[PDB]
């Protein structure tokens, strides 16, 4: 697994990068921020994250912000694949509760 501290600082930087890019309602995507987003996310694309770390570090929430309308689909696909992987690794019945409460 990954340490809580790595996930937590990465989550904080992701959220700060996200908030910086919002010009009011509109997402502004610089070359440098596009590249900073990829760098932060690709450190998490190799992490095995536990349910407890999802609860405590909020790393899934911080990655999920980049599924919003203003971000390039290259970044949105990356965020989606990272979260898909973490969700699938959860125990099957945990997947079922989170899903069933949602239907």
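Residue numbers count along the first chain shown, from 1.
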Compare the mean C-alpha B-factor of 28-36 with that of 54-62 as given in the PDB entry, and name the stretch with the higher value.
-> 28-36
Between 15-23 and 88-96, point out the one with the higher average CA B-factor as the PDB entry records it.
-> 88-96
Tell me, lowest, middle or highest third: where does the Cα B factor of residue 7 rank within its chain?
-> lowest
Relative to the other modelled residues in the chain, which third contains the C-alpha temperature factor of residue 76: lowest, middle or highest?
-> lowest
